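Engineer:
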Amino acid sequence: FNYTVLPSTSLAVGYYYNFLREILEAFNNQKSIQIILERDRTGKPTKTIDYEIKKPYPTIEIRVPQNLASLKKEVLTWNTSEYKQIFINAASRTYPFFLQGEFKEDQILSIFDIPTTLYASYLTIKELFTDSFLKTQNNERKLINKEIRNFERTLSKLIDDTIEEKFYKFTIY
Amino acid sequence: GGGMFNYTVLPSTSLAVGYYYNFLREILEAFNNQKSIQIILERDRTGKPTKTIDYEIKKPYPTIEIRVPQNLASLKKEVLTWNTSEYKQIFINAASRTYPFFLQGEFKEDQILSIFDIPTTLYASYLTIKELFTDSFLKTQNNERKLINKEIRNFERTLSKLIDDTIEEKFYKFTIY
Ligand SMILES: Nc1nc2c(ncn2[C@@H]2O[C@@H]3COP(=O)(O)O[C@H]4[C@@H](O)[C@H](n5cnc6c(=O)[nH]c(N)nc65)O[C@@H]4COP(=O)(O)O[C@H]3[C@H]2O)c(=O)[nH]1
């Protein structure tokens, strides 16, 4: 190339165009989402509610742990009775988009996701730098945060360029 | 790009890392952890699987065939064209992820010949190029195609390097069409 690219840049492009925008456009068309309540052993939906989405669209909360090395664990630990798995059958893809939602009684409070793609940032660092370098002067932590903040910044830049009103919140925990 | 924080990667490098560790390797570990595949036969008007067959995965595992169109700009359209009757949608409920992994299968009667995917993540490569470079540059000396070809070859090369640093199952073949 001519241009410097950080690893999380292309990950952010993909996350926006192959996930977030697909969910937004599925909202603006179908105005509805599928909530999974009961699932058989093969992890197959059996009891599924239709839930009509509204112009006051629920905010898509992207949550990323600073401990990016723990992300693949944090995606099985936030799976709790308080949350419910939802999915959206968009025309963009041959399989639906799966998300997590917070439900108070009959009301979707929020839709959250932990971006599994951002793990590839951590792995790409672990494979470009020597372990010696990473374990020196807290270098690994500085690289992980640069990659997270680059990810968030690229999403911001992508929403401005597409003249899209924000539809997401980005929180690091 | 070392001994300092001025490190560049090609866009397709981190995409390939994600595609391998967050998709290919997860399928392999579902196979190795004796998780069977679900074949979708019947679907409702919504598109919800009505009939599923369980299918047993045996240690001569089926080869994961990654197919990439040279016309990367059409990839999001190709992922809707190769959803035909001659191929069946399958899925694998792996313990790695809270939603299953969805693939396309080739079946001779009941035998699984091969599992194939078109890597949607590689579309991000094309979009990164369309965003970094001026329209003037991309149309000048066939620059757009040169960059896309380099991105596709880098993607396959990165996959090859990642299996080598781990275990050479060679569970995948990579063909450009
Ligand atoms: N919660 C949620 N997040 C979603 C969903 N679809 C996409 N994402 C997010 O968006 C990233 C980009 O997905 P992609 O561009 O299709 O690029 C994907 C795609 O090419 C492939 N892939 C991953 N899972 C599947 C799958 O179940 N089936 C197929 N056919 N390909 C998959 O691997 C790439 C990387 O996957 P990830 O590292 O997980 O990174 C994914 C993930 O972080 C979804 O339905 N739910």
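Taken in order, these protein sequences are the chains called A and B.
Under the deposited numbering, the first residue of the first sequence is numbered 159, with each subsequent residue one higher.
Under the deposited numbering, the first residue of the second sequence is numbered 155, with each subsequent residue one higher.
Idealized CB from N, CA, C, for every residue including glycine.
Taking Cβ to Cβ, would you say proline 165 of chain A is nearer than 8 Å to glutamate 305 of chain A?
Structural biologist: Yes, these two residues count as a Cβ contact at 8 Å.
Engineer: Determine the chain A residues that contact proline 254 of chain B at a beta-carbon separation under 7 Å, and present them in chain order.
Structural biologist: Within chain A, the C-beta atoms nearer than 7 Å to that of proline 254 of chain B come from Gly201, in chain order.
Engineer: Keeping to the same chain, check which residues put their C-beta closer than 7 Å to that of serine 190 of chain B; ignore five residues upstream and five downstream.
Structural biologist: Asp208, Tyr209, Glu210 and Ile211
Engineer: What are the residues that DSSP puts in a beta bridge with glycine 259 of chain B?
Structural biologist: According to the DSSP secondary-structure assignment, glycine 259 of chain B is paired through a beta bridge with B/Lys242 and B/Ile269.
Engineer: Measuring only between beta-carbons, confirm whether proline 223 of chain B sits less than 8 Å from chain A.
Structural biologist: no
Engineer: Extract the residue ranges of the beta strand (DSSP E) inside the stretch 163-202 of chain B, only unbroken runs of 3 or more that lie entirely within it.
Structural biologist: 191-197
Engineer: Does the structure place the stretch 217-227 of chain B close enough to the stretch 323-331 of chain B that three or more beta carbon pairs sit under 8 Å?
Structural biologist: yes
Engineer: Expressed to the nearest angstrom, what Euclidean distance is found between the alpha-carbon atoms of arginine 179 of chain B and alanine 248 of chain B?
Structural biologist: 11 Å
Engineer: Counting contacts by CB-CB distance shorter than 8 Å, is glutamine 295 of chain B in contact with chain A?
Structural biologist: no
Engineer: For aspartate 264 of chain B, which three-state DSSP category applies?
Structural biologist: Assignment of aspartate 264 of chain B by DSSP, reduced to helix, strand and coil, places it in the coil class.
Engineer: Do the CB positions of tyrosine 174 of chain A and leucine 316 of chain A come within less than 8 Å of each other?
Structural biologist: yes
Engineer: If I measure Cβ to Cβ from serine 279 of chain B and keep anything under 8 Å in the same chain, skipping five residues before and after, which residues do I get?
Structural biologist: Around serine 279 of chain B: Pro165, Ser166, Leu169, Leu226, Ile302, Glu305, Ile306 and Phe309.
Engineer: Could you give the C-beta distance for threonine 282 of chain A and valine 233 of chain B, rounded to a whole number, given that I count them as a contact under 8 Å?
Structural biologist: Incorrect: roughly 25 Å between the Cβ atoms, too far for contact.
Engineer: Using C-beta distances below 8 Å, list every residue in its chain close to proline 223 of chain B, excluding the 5 sequence neighbours before and after it, in chain order.
Structural biologist: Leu229, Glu232, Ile272, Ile330 and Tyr331
Engineer: Can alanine 278 of chain A be considered in contact with ligand 1, in the sense that its beta carbon sits closer than 7 Å to one or more heavy atoms?
Structural biologist: yes
Engineer: Could you tell me the distance, in whole angstroms, from the CA atom of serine 268 of chain A to the CA atom of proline 214 of chain A?
Structural biologist: Each residue's CA atom was taken as its position, placing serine 268 of chain A and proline 214 of chain A some 11 Å apart.
Engineer: Can the beta-carbon of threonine 252 of chain A be found closer than 8 Å to that of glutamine 192 of chain B?
Structural biologist: no
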